[PDB]
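Chemist: Here you go, run33.tsv (TSV, C-alpha atoms and all ligand atoms):
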chain	number	residue	atom	x	y	z
A	5	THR	CA	0.00	0.00	0.00
A	6	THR	CA	1.08	3.64	-0.45
A	7	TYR	CA	0.83	4.19	3.32
A	8	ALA	CA	3.28	1.27	3.93
A	9	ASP	CA	5.63	2.73	1.25
A	10	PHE	CA	5.55	6.16	2.93
A	11	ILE	CA	6.14	4.75	6.44
A	12	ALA	CA	9.16	2.69	5.24
A	13	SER	CA	10.61	5.79	3.45
A	14	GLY	CA	13.34	8.09	4.81
A	15	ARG	CA	11.03	11.15	4.65
A	16	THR	CA	8.42	10.70	7.44
A	17	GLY	CA	10.22	13.04	9.85
A	18	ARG	CA	10.38	16.87	9.77
A	19	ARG	CA	11.47	18.06	6.35
A	20	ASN	CA	14.13	20.71	5.97
A	21	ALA	CA	13.69	23.56	3.56
A	22	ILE	CA	16.07	23.80	0.60
A	23	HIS	CA	17.76	26.82	-1.08
B	13	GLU	CA	-17.07	43.73	-1.83
B	14	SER	CA	-16.52	43.66	1.98
B	15	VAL	CA	-13.34	41.51	1.34
B	16	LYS	CA	-11.97	44.28	-1.01
B	17	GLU	CA	-12.79	46.90	1.70
B	18	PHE	CA	-11.21	44.81	4.53
B	19	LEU	CA	-8.06	44.17	2.38
B	20	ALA	CA	-7.76	47.89	1.41
B	21	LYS	CA	-7.54	48.87	5.16
B	22	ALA	CA	-5.26	45.83	5.82
B	23	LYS	CA	-2.88	47.18	3.08
B	24	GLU	CA	-2.78	50.69	4.59
B	25	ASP	CA	-1.82	49.21	8.04
B	26	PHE	CA	0.81	46.92	6.45
B	27	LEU	CA	2.44	49.63	4.30
B	28	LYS	CA	2.98	51.98	7.31
B	29	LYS	CA	4.94	49.24	9.17
B	30	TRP	CA	6.64	47.97	5.95
B	31	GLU	CA	8.02	51.51	5.33
B	32	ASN	CA	9.11	52.17	8.95
B	33	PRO	CA	9.98	48.81	10.60
B	34	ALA	CA	10.11	48.24	14.37
B	35	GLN	CA	13.71	47.59	15.47
B	36	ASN	CA	15.48	46.57	18.76
B	37	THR	CA	12.34	46.10	20.88
B	38	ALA	CA	13.89	43.85	23.60
B	39	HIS	CA	17.21	42.38	24.88
B	40	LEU	CA	18.37	38.78	25.57
B	41	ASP	CA	18.72	39.57	29.36
B	42	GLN	CA	14.90	40.10	29.57
B	43	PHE	CA	14.29	36.38	28.92
B	44	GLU	CA	14.84	33.15	30.82
B	45	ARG	CA	15.87	30.24	28.56
B	46	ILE	CA	13.60	27.17	29.10
B	47	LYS	CA	13.95	24.49	26.38
B	48	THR	CA	14.94	24.05	22.70
B	49	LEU	CA	11.66	23.41	20.78
B	50	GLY	CA	13.34	22.68	17.50
B	51	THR	CA	16.43	23.01	15.29
B	52	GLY	CA	16.54	23.08	11.49
B	53	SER	CA	17.86	25.12	8.51
B	54	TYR	CA	15.84	27.94	10.22
B	55	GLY	CA	18.52	27.88	13.03
B	56	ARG	CA	16.85	27.14	16.38
B	57	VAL	CA	13.64	27.91	18.26
B	58	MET	CA	13.77	28.21	22.03
B	59	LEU	CA	11.02	28.32	24.59
B	60	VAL	CA	11.73	31.41	26.78
B	61	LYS	CA	9.98	33.21	29.65
B	62	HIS	CA	9.74	37.03	29.54
B	63	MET	CA	10.61	37.93	33.18
B	64	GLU	CA	8.76	41.30	33.30
B	65	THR	CA	5.40	39.74	32.27
B	66	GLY	CA	5.81	36.01	33.02
B	67	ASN	CA	4.67	35.35	29.42
B	68	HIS	CA	6.17	32.39	27.52
B	69	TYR	CA	7.42	32.95	23.95
B	70	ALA	CA	9.14	30.98	21.14
B	71	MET	CA	12.46	32.64	20.39
B	72	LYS	CA	13.99	32.01	16.96
B	73	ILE	CA	17.82	32.39	17.15
B	74	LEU	CA	19.94	32.83	13.98
B	75	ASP	CA	23.73	32.93	13.99
B	76	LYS	CA	24.76	35.97	11.81
B	77	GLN	CA	27.92	34.20	10.54
B	78	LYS	CA	25.96	31.06	9.52
B	79	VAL	CA	23.26	33.18	7.74
B	80	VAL	CA	26.10	34.89	5.74
B	81	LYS	CA	27.71	31.47	4.84
B	82	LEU	CA	24.32	30.15	3.69
B	83	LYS	CA	23.74	33.32	1.54
B	84	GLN	CA	20.51	33.97	3.51
B	85	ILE	CA	21.06	37.65	4.40
B	86	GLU	CA	18.28	39.06	2.15
B	87	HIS	CA	15.91	36.21	3.09
B	88	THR	CA	16.47	36.91	6.85
B	89	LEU	CA	15.91	40.67	6.38
B	90	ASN	CA	12.69	39.88	4.37
B	91	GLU	CA	11.46	37.57	7.15
B	92	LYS	CA	11.78	40.13	9.98
B	93	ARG	CA	10.56	43.10	7.83
B	94	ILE	CA	7.44	41.16	6.69
B	95	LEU	CA	6.63	39.61	10.09
B	96	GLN	CA	6.73	42.89	11.99
B	97	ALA	CA	4.35	44.43	9.39
B	98	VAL	CA	1.63	41.73	9.07
B	99	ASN	CA	-1.54	41.29	11.14
B	100	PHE	CA	-3.90	38.34	10.52
B	101	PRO	CA	-5.68	35.81	12.83
B	102	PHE	CA	-3.89	32.81	11.31
B	103	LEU	CA	-0.39	34.29	11.41
B	104	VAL	CA	2.00	33.88	14.32
B	105	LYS	CA	2.69	37.24	15.94
B	106	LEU	CA	6.21	38.67	16.14
B	107	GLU	CA	6.30	40.08	19.69
B	108	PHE	CA	9.91	41.43	19.77
B	109	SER	CA	13.07	41.47	17.64
B	110	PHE	CA	16.70	42.38	18.43
B	111	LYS	CA	20.29	41.42	17.70
B	112	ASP	CA	23.58	41.30	19.60
B	113	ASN	CA	27.24	40.76	18.52
B	114	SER	CA	26.60	37.17	17.31
B	115	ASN	CA	22.91	36.49	16.76
B	116	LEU	CA	19.54	37.68	15.47
B	117	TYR	CA	16.50	37.10	17.63
B	118	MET	CA	12.83	36.97	16.72
B	119	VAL	CA	10.50	36.51	19.68
B	120	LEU	CA	7.17	34.95	18.63
B	121	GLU	CA	3.98	33.91	20.36
B	122	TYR	CA	4.29	30.44	21.85
B	123	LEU	CA	1.75	27.76	20.79
B	124	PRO	CA	2.05	24.83	23.27
B	125	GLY	CA	-0.38	22.81	21.06
B	126	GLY	CA	2.59	22.17	18.78
B	127	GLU	CA	2.96	21.64	15.02
B	128	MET	CA	0.19	20.24	12.82
B	129	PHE	CA	2.98	17.89	11.57
B	130	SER	CA	3.33	15.99	14.89
B	131	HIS	CA	-0.48	15.50	15.26
B	132	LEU	CA	-0.88	14.47	11.56
B	133	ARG	CA	1.92	11.83	11.69
B	134	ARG	CA	0.67	10.37	15.02
B	135	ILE	CA	-3.07	10.28	14.07
B	136	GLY	CA	-2.13	9.14	10.53
B	137	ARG	CA	-4.58	11.29	8.52
B	138	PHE	CA	-7.38	13.82	8.97
B	139	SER	CA	-10.97	13.22	7.78
B	140	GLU	CA	-12.10	15.50	4.91
B	141	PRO	CA	-14.09	17.95	7.22
B	142	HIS	CA	-11.06	18.15	9.59
B	143	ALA	CA	-8.66	18.81	6.61
B	144	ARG	CA	-11.21	21.34	5.13
B	145	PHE	CA	-11.27	23.29	8.45
B	146	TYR	CA	-7.44	23.81	8.26
B	147	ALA	CA	-7.43	24.32	4.44
B	148	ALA	CA	-10.02	27.16	4.79
B	149	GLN	CA	-7.68	29.01	7.20
B	150	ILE	CA	-4.82	28.69	4.67
B	151	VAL	CA	-7.10	29.96	1.86
B	152	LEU	CA	-7.91	33.12	3.89
B	153	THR	CA	-4.24	33.59	4.89
B	154	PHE	CA	-2.96	33.48	1.28
B	155	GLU	CA	-5.79	35.76	0.16
B	156	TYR	CA	-4.50	38.22	2.86
B	157	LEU	CA	-0.73	37.74	2.11
B	158	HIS	CA	-1.13	37.81	-1.73
B	159	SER	CA	-3.16	41.06	-1.54
B	160	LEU	CA	-0.01	42.59	0.13
B	161	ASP	CA	2.16	41.31	-2.81
B	162	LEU	CA	3.69	38.71	-0.51
B	163	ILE	CA	4.57	35.16	-1.57
B	164	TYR	CA	4.90	32.69	1.38
B	165	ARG	CA	6.93	29.89	-0.30
B	166	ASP	CA	7.19	27.41	2.63
B	167	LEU	CA	3.75	25.90	3.25
B	168	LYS	CA	3.97	22.50	5.04
B	169	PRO	CA	2.45	20.92	8.24
B	170	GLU	CA	5.80	21.58	10.06
B	171	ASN	CA	5.05	25.37	9.70
B	172	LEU	CA	1.49	25.26	11.01
B	173	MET	CA	1.00	25.60	14.76
B	174	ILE	CA	-2.21	24.53	16.52
B	175	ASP	CA	-3.50	27.17	18.92
B	176	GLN	CA	-5.43	26.75	22.23
B	177	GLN	CA	-8.76	26.98	20.31
B	178	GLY	CA	-7.71	24.39	17.66
B	179	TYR	CA	-7.17	27.03	14.94
B	180	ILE	CA	-3.89	27.30	13.11
B	181	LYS	CA	-1.10	29.88	13.01
B	182	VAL	CA	1.35	29.99	10.12
B	183	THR	CA	4.96	30.32	11.34
B	184	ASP	CA	8.36	30.53	9.57
B	185	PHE	CA	8.52	33.45	7.18
B	186	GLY	CA	12.14	32.57	6.25
B	187	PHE	CA	11.34	32.51	2.49
B	188	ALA	CA	8.52	35.09	2.43
B	189	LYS	CA	9.16	37.90	-0.07
B	190	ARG	CA	7.35	41.09	-1.18
B	191	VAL	CA	7.44	41.01	-5.00
B	192	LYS	CA	5.07	42.53	-7.58
B	193	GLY	CA	6.44	40.68	-10.61
B	194	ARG	CA	8.03	37.28	-11.01
B	195	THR	CA	10.84	35.81	-8.90
B	196	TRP	CA	13.47	33.11	-9.44
B	197	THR	CA	14.89	31.82	-6.15
B	198	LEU	CA	15.00	28.03	-5.83
B	199	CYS	CA	13.60	27.68	-2.24
B	200	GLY	CA	10.93	25.76	-0.30
B	201	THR	CA	10.53	22.10	0.76
B	202	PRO	CA	11.01	19.34	-1.94
B	203	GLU	CA	7.52	17.70	-1.49
B	204	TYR	CA	5.76	21.15	-1.77
B	205	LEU	CA	7.67	22.69	-4.76
B	206	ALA	CA	5.56	23.71	-7.82
B	207	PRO	CA	6.98	22.39	-11.21
B	208	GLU	CA	7.89	25.97	-12.29
B	209	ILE	CA	10.34	26.27	-9.29
B	210	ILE	CA	12.00	22.86	-10.12
B	211	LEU	CA	12.28	23.83	-13.84
B	212	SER	CA	14.12	27.14	-12.95
B	213	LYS	CA	11.38	29.36	-14.46
B	214	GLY	CA	10.29	32.79	-13.26
B	215	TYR	CA	7.36	32.18	-10.91
B	216	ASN	CA	4.73	34.03	-8.88
B	217	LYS	CA	2.11	33.53	-6.07
B	218	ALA	CA	0.64	30.50	-7.99
B	219	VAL	CA	3.37	28.37	-6.29
B	220	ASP	CA	1.53	28.94	-2.94
B	221	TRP	CA	-1.72	27.60	-4.52
B	222	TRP	CA	0.11	24.48	-5.79
B	223	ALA	CA	1.59	24.09	-2.21
B	224	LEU	CA	-2.00	24.30	-0.81
B	225	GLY	CA	-2.93	21.32	-3.09
B	226	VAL	CA	0.02	19.34	-1.65
B	227	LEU	CA	-1.02	20.25	1.95
B	228	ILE	CA	-4.69	19.31	1.47
B	229	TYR	CA	-3.64	15.97	-0.13
B	230	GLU	CA	-1.16	15.27	2.72
B	231	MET	CA	-3.75	16.10	5.46
B	232	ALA	CA	-6.46	13.93	3.81
B	233	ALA	CA	-4.25	10.99	2.73
B	234	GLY	CA	-1.68	10.96	5.55
B	235	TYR	CA	1.20	11.07	3.03
B	236	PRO	CA	2.16	13.64	0.33
B	237	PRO	CA	1.17	13.23	-3.38
B	238	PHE	CA	4.86	13.08	-4.39
B	239	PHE	CA	7.30	11.25	-2.10
B	240	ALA	CA	10.51	9.19	-2.45
B	241	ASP	CA	13.72	8.59	-0.48
B	242	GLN	CA	15.62	11.45	-2.20
B	243	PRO	CA	14.62	14.98	-3.40
B	244	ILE	CA	15.65	14.28	-7.08
B	245	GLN	CA	13.16	11.36	-7.34
B	246	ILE	CA	10.47	13.68	-5.79
B	247	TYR	CA	11.25	16.38	-8.48
B	248	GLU	CA	10.83	13.79	-11.30
B	249	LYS	CA	7.38	12.82	-9.85
B	250	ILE	CA	6.25	16.49	-9.57
B	251	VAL	CA	7.14	17.40	-13.18
B	252	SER	CA	5.67	14.15	-14.65
B	253	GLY	CA	2.11	15.61	-14.71
B	254	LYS	CA	0.75	12.42	-12.94
B	255	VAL	CA	-0.94	12.20	-9.44
B	256	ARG	CA	-2.72	9.21	-7.76
B	257	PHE	CA	-5.48	9.69	-5.21
B	258	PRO	CA	-6.47	7.26	-2.39
B	259	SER	CA	-9.81	5.48	-3.07
B	260	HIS	CA	-11.31	7.17	0.02
B	261	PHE	CA	-10.93	10.72	-1.52
B	262	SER	CA	-14.39	12.18	-2.42
B	263	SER	CA	-15.18	13.25	-6.01
B	264	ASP	CA	-15.13	16.97	-4.95
B	265	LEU	CA	-11.74	16.58	-3.17
B	266	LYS	CA	-10.15	14.97	-6.29
B	267	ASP	CA	-11.59	17.71	-8.59
B	268	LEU	CA	-10.26	20.49	-6.29
B	269	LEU	CA	-6.80	18.77	-6.12
B	270	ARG	CA	-6.55	18.30	-9.93
B	271	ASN	CA	-7.18	22.09	-10.22
B	272	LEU	CA	-4.57	23.03	-7.51
B	273	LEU	CA	-1.96	20.39	-8.56
B	274	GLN	CA	-2.18	21.71	-12.09
B	275	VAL	CA	1.15	21.94	-14.00
B	276	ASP	CA	-0.46	24.38	-16.59
B	277	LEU	CA	-0.42	27.93	-15.06
B	278	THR	CA	-3.26	29.21	-17.29
B	279	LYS	CA	-5.39	26.41	-15.72
B	280	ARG	CA	-4.22	26.44	-12.02
B	281	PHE	CA	-6.88	27.50	-9.47
B	282	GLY	CA	-5.90	30.67	-7.61
B	283	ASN	CA	-4.13	31.90	-10.79
B	284	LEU	CA	-7.18	32.43	-13.10
B	285	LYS	CA	-9.24	35.64	-13.79
B	286	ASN	CA	-11.53	34.89	-10.77
B	287	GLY	CA	-8.45	34.47	-8.51
B	288	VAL	CA	-9.10	33.01	-5.00
B	289	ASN	CA	-12.88	32.82	-5.71
B	290	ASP	CA	-12.36	29.69	-7.93
B	291	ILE	CA	-11.11	27.96	-4.75
B	292	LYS	CA	-13.62	29.52	-2.26
B	293	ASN	CA	-16.59	28.66	-4.55
B	294	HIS	CA	-15.45	25.06	-5.28
B	295	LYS	CA	-17.93	22.27	-4.32
B	296	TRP	CA	-15.48	20.84	-1.72
B	297	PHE	CA	-15.88	24.13	0.24
B	298	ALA	CA	-19.74	24.39	-0.12
B	299	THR	CA	-20.17	23.87	3.67
B	300	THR	CA	-17.43	26.44	4.54
B	301	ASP	CA	-18.72	29.68	6.11
B	302	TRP	CA	-15.67	31.90	5.32
B	303	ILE	CA	-16.67	34.76	7.70
B	304	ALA	CA	-17.29	32.28	10.58
B	305	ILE	CA	-13.79	30.73	10.01
B	306	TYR	CA	-12.20	34.25	9.93
B	307	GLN	CA	-14.15	35.22	13.12
B	308	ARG	CA	-13.10	31.86	14.77
B	309	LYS	CA	-16.82	31.00	15.44
B	310	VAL	CA	-16.60	27.45	13.93
B	311	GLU	CA	-16.05	24.64	16.48
B	312	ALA	CA	-12.57	23.16	15.89
B	313	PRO	CA	-12.42	19.36	15.13
B	314	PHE	CA	-9.39	18.95	17.47
B	315	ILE	CA	-8.20	20.89	20.53
B	316	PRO	CA	-4.74	20.09	22.03
B	317	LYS	CA	-4.78	19.08	25.71
B	318	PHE	CA	-3.86	22.20	27.76
B	319	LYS	CA	-1.05	21.33	30.23
B	320	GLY	CA	-0.03	24.93	31.12
B	321	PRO	CA	1.39	27.95	29.18
B	322	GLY	CA	4.99	26.64	29.39
B	323	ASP	CA	4.32	22.92	28.77
B	324	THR	CA	6.50	21.30	26.00
B	325	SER	CA	4.94	17.77	25.82
B	326	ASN	CA	3.93	18.42	22.14
B	327	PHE	CA	7.57	19.05	21.12
B	328	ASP	CA	10.47	16.63	20.70
B	329	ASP	CA	13.69	16.76	22.78
B	330	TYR	CA	16.88	18.33	21.33
B	331	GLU	CA	20.46	18.62	22.60
B	332	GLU	CA	20.75	21.87	24.58
B	333	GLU	CA	23.45	24.15	23.11
B	334	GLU	CA	24.79	27.40	24.56
B	335	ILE	CA	23.73	30.84	23.27
B	336	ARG	CA	27.20	32.24	22.67
B	337	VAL	CA	27.60	36.03	22.37
B	338	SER	CA	31.04	37.09	21.07
B	339	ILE	CA	32.79	40.13	22.61
B	340	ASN	CA	33.18	41.40	19.01
B	341	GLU	CA	30.40	42.45	16.63
B	342	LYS	CA	29.95	40.12	13.67
B	343	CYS	CA	28.49	41.10	10.29
B	344	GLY	CA	27.45	44.61	11.44
B	345	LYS	CA	26.89	46.14	7.97
B	346	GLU	CA	25.00	43.07	6.59
B	347	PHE	CA	22.33	43.17	9.38
B	348	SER	CA	22.19	46.97	9.95
B	349	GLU	CA	18.40	47.16	9.16
B	350	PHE	CA	17.43	44.16	11.39
A	401	LIG	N1	5.74	30.05	17.43
A	401	LIG	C1	5.99	28.87	18.00
A	401	LIG	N2	5.46	28.46	19.12
A	401	LIG	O1	5.98	27.17	19.33
A	401	LIG	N3	6.83	26.80	18.30
A	401	LIG	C2	6.83	27.82	17.47
A	401	LIG	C3	7.60	27.94	16.21
A	401	LIG	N4	7.88	29.15	15.73
A	401	LIG	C4	8.73	28.91	14.65
A	401	LIG	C5	9.29	29.81	13.75
A	401	LIG	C6	10.08	29.32	12.72
A	401	LIG	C7	10.30	27.95	12.58
A	401	LIG	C8	9.74	27.04	13.47
A	401	LIG	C9	8.96	27.54	14.50
A	401	LIG	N5	8.23	26.92	15.52
A	401	LIG	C10	8.05	25.47	15.71
A	401	LIG	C11	9.07	24.92	16.68
A	401	LIG	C12	9.47	23.48	16.59
A	401	LIG	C13	10.42	24.54	16.17
What is this structure when it is put down as C-alpha cells?
Modeler:
Amino acid sequence: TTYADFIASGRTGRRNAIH
Amino acid sequence: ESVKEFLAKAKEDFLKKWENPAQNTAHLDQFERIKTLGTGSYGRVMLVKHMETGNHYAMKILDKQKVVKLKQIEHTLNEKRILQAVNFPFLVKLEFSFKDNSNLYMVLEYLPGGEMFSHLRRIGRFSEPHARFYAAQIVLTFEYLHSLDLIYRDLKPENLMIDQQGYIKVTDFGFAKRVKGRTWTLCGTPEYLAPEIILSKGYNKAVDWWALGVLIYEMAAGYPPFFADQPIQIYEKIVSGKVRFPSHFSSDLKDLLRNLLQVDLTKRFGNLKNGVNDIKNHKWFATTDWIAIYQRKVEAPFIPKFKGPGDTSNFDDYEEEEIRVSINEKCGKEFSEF
C-alpha cells in the first residue's frame, strides 16, 4: 500500500527547507 | 465587496509598518531560557519566559555568521521586515526582535499545542471535514498575504502551529518575499515545490496555490502526493504531470486537487481571472462559512490538551546548546536594518 511505502521511506520526519 | 474593503484597510496598516519597521524592541537579558523546541535550517527555536510579564514565547535564534555562509542575508531581512508588518488571525505574531554581537532574535507567540505535523503523523490522517477546516484558514491567509504582494513559499504541516482553540497559526517566514512581478529563487521544501520552481522558471504567487494542493492531499491521505527517499526522485514525480489519489478521496476533493496540482499555469486555481474565488466557490468548500472561520466561530475538530502555558509535551527533545555572544560584533553592515 502507499501508506506502507511512505512509512518505510526516509522522509516521514520533519522536512528541511532547501535553497 | 466587503473583502476588497477589509483588504484595502489591511494594506494601509501593512504599508505603514513595511516603510518604517520596528527595530530593537527587547534584549536577551529580559528572557529566561527554558527548552529548545526545534532546530533546522531555520537555526533554532527556544522556549523562553519574559521575566517582566511572566509570558512564555518561542524565540527564533539565527547565527549571523551562519546566515552569511548560507547566503541567507536578504531572506532573513525579508522575514523580519514582513513579520513585523503583518496582522492576521492565522499568522504567528512577532512580539519582539533584536540582535547582539553574534545572533539575530525573533521573539514569537508560543503555541504549546505544537505543530500540525506531529499531530498528523501520530493520528495518521485527517478526515475531509477536519482537513477542510485547516485548508479554509490557509485559503484566507494566502488571500490576505497575496493582496499585500507577498509570496509565502514554505507551506507544510511543520510550519502550522495549533492554537489553544484548535485554529492554526502559520509560522516561519524565512522565504517570504514582497514582490510585484516574477521571482526566481529556488527555495521551499522538496515535497511542496511547484513544477515551475524545479524547472528554474520565473514564478509568482501560484506556487503557494500548488503548495496548498500538496497540503490538502497530505492532510487527507496521511502522506504527500509526491514522495521518495531522495529529493531528485520527488522532483521527477512532480514534473511528470501524474498524481494518484487514495480510493477514500471524495469526487469533490479529487476535482479540487486536480485544479490546484495543475502543471499548466493558465489552468491552475488561484491563478485564473476569478483568482481566490475559484477555490472559495469550489464544491469541496460548499459547507465552509468563510466569515465564521475568519471570526473563529466554527467549532474546531481537534483541541490540544492544555497542560499549562509553558508545557512542552507536544515538542520533541533536542540537545541543549549554549547561546554564545562574542565580545566582538559580527556582520554589522549586513544586518544593519534588522
Ligand atoms: N511560534 C511557536 N510556538 O511554538 N513553536 C513555534 C515555532 N515558531 C517557529 C518559527 C520558525 C520555525 C519554526 C517555529 N516553531 C516550531 C518549533 C518546533 C520549532
Chemist: Do you know which residues are at most 9 Å from segment 261-277 of chain B counting only C-alpha atoms, after dropping those on the same chain fewer than 2 positions away, and could you put them as number ranges by chain?
Modeler: B: 140, 206-208, 218, 221-226, 228-229, 232-233, 250-251, 253, 255, 257-259, 279-284, 291, 294-297
Chemist: At a cut-off of 6 Å, which residues of chain B touch chain A? Count all atoms listed in the file and give the answer as a ChimeraX atom specification.
Modeler: /B:198-201,241
Chemist: How many Å separate atom CA of residue 346 of chain B from atom CA of residue 190 of chain B?
Modeler: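 One can read the atom CA of residue 346 of chain B to atom CA of residue 190 of chain B distance as 19.4 Å.
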Chemist: Which residues are near ligand LIG 401 (chain A) - at most 10 Å, using all atoms listed in the file? Format: as an NGL selection string.
Modeler: (:A and (18)) or (:B and (48-59 or 68-73 or 103-106 or 118-130 or 170-175 or 181-186 or 324 or 326-328))
Chemist: Mind writing the picked residues with C-alpha atoms as a PDB file, in the coordinates of the input?
Modeler:
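Dumped everything to out_7.pdb:
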ATOM      1  CA  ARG A  18      10.380  16.870   9.770  1.00  0.00           C
TER       2      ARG A  18
ATOM      3  CA  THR B  48      14.940  24.050  22.700  1.00  0.00           C
ATOM      4  CA  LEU B  49      11.660  23.410  20.780  1.00  0.00           C
ATOM      5  CA  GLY B  50      13.340  22.680  17.500  1.00  0.00           C
ATOM      6  CA  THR B  51      16.430  23.010  15.290  1.00  0.00           C
ATOM      7  CA  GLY B  52      16.540  23.080  11.490  1.00  0.00           C
ATOM      8  CA  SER B  53      17.860  25.120   8.510  1.00  0.00           C
ATOM      9  CA  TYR B  54      15.840  27.940  10.220  1.00  0.00           C
ATOM     10  CA  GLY B  55      18.520  27.880  13.030  1.00  0.00           C
ATOM     11  CA  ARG B  56      16.850  27.140  16.380  1.00  0.00           C
ATOM     12  CA  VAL B  57      13.640  27.910  18.260  1.00  0.00           C
ATOM     13  CA  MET B  58      13.770  28.210  22.030  1.00  0.00           C
ATOM     14  CA  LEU B  59      11.020  28.320  24.590  1.00  0.00           C
ATOM     15  CA  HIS B  68       6.170  32.390  27.520  1.00  0.00           C
ATOM     16  CA  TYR B  69       7.420  32.950  23.950  1.00  0.00           C
ATOM     17  CA  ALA B  70       9.140  30.980  21.140  1.00  0.00           C
ATOM     18  CA  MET B  71      12.460  32.640  20.390  1.00  0.00           C
ATOM     19  CA  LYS B  72      13.990  32.010  16.960  1.00  0.00           C
ATOM     20  CA  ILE B  73      17.820  32.390  17.150  1.00  0.00           C
ATOM     21  CA  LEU B 103      -0.390  34.290  11.410  1.00  0.00           C
ATOM     22  CA  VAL B 104       2.000  33.880  14.320  1.00  0.00           C
ATOM     23  CA  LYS B 105       2.690  37.240  15.940  1.00  0.00           C
ATOM     24  CA  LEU B 106       6.210  38.670  16.140  1.00  0.00           C
ATOM     25  CA  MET B 118      12.830  36.970  16.720  1.00  0.00           C
ATOM     26  CA  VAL B 119      10.500  36.510  19.680  1.00  0.00           C
ATOM     27  CA  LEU B 120       7.170  34.950  18.630  1.00  0.00           C
ATOM     28  CA  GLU B 121       3.980  33.910  20.360  1.00  0.00           C
ATOM     29  CA  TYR B 122       4.290  30.440  21.850  1.00  0.00           C
ATOM     30  CA  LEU B 123       1.750  27.760  20.790  1.00  0.00           C
ATOM     31  CA  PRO B 124       2.050  24.830  23.270  1.00  0.00           C
ATOM     32  CA  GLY B 125      -0.380  22.810  21.060  1.00  0.00           C
ATOM     33  CA  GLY B 126       2.590  22.170  18.780  1.00  0.00           C
ATOM     34  CA  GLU B 127       2.960  21.640  15.020  1.00  0.00           C
ATOM     35  CA  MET B 128       0.190  20.240  12.820  1.00  0.00           C
ATOM     36  CA  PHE B 129       2.980  17.890  11.570  1.00  0.00           C
ATOM     37  CA  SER B 130       3.330  15.990  14.890  1.00  0.00           C
ATOM     38  CA  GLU B 170       5.800  21.580  10.060  1.00  0.00           C
ATOM     39  CA  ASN B 171       5.050  25.370   9.700  1.00  0.00           C
ATOM     40  CA  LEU B 172       1.490  25.260  11.010  1.00  0.00           C
ATOM     41  CA  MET B 173       1.000  25.600  14.760  1.00  0.00           C
ATOM     42  CA  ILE B 174      -2.210  24.530  16.520  1.00  0.00           C
ATOM     43  CA  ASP B 175      -3.500  27.170  18.920  1.00  0.00           C
ATOM     44  CA  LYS B 181      -1.100  29.880  13.010  1.00  0.00           C
ATOM     45  CA  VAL B 182       1.350  29.990  10.120  1.00  0.00           C
ATOM     46  CA  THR B 183       4.960  30.320  11.340  1.00  0.00           C
ATOM     47  CA  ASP B 184       8.360  30.530   9.570  1.00  0.00           C
ATOM     48  CA  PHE B 185       8.520  33.450   7.180  1.00  0.00           C
ATOM     49  CA  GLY B 186      12.140  32.570   6.250  1.00  0.00           C
ATOM     50  CA  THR B 324       6.500  21.300  26.000  1.00  0.00           C
ATOM     51  CA  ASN B 326       3.930  18.420  22.140  1.00  0.00           C
ATOM     52  CA  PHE B 327       7.570  19.050  21.120  1.00  0.00           C
ATOM     53  CA  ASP B 328      10.470  16.630  20.700  1.00  0.00           C
TER      54      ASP B 328
END
Chemist: Could you pull out every residue with an atom within 10 Å of (-4.1, 32.5, 1.8), file coordinates, counting only C-alpha atoms, and send them as a list in words?
Modeler: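 These residues have at least one counted atom within 10 Å: residues 102, 147, 148, 149, 150, 151, 152, 153, 154, 155, 156, 157, 158, 159, 163, 164, 220, 221, 224, 282 and 288 of chain B.
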Chemist: Measure the distance from atom CA of residue 234 of chain B to atom CA of residue 132 of chain B in Å and round it to one decimal.
Modeler: 7.0 Å
Chemist: Could you name the residues that touch segment 33-35 of chain B at 12 Å or less, counting only C-alpha atoms, but leaving out those on the same chain fewer than 6 positions away, as JSON, numbers by chain?
Modeler: {"B": [26, 27, 89, 90, 91, 92, 93, 94, 95, 96, 97, 98, 106, 107, 108, 109, 110, 111, 116, 117, 118, 347, 348, 349, 350]}
Chemist: So how many Å separate atom CA of residue 216 of chain B and atom CA of residue 160 of chain B, to one decimal?
Modeler: 13.3 Å
Chemist: For residue 196 of chain B, list every protein, DNA or RNA residue within 7 Å, evaluated using all atoms listed in the file, and leave out those in the same chain fewer than 2 positions away; present the list as a list in words.
Modeler: residues 198, 212, 213, 214 and 215 of chain B
Chemist: Rank B:143, B:219, B:131, B:209 by their smallest atom-to-atom distance to residue 165 of chain B, using only C-alpha atoms, and report the top residue only.
Modeler: B:219
Chemist: Would you pick out the contacts of residue 114 of chain B at 6 Å or less, using only C-alpha atoms, so that residues sharing its chain but fewer than 4 positions from it are not included, and give the list as a ChimeraX atom specification?
Modeler: /B:76,337-338,342
Chemist: Centre and edge lengths of an axis-aligned box around all listed atoms of segment 7-13 of chain A, with 3 Å added on each side, are to be given in Å to one decimal, as AutoDock Vina command-line options.
Modeler:
--center_x 5.7 --center_y 3.7 --center_z 3.8 --size_x 15.8 --size_y 10.9 --size_z 11.2
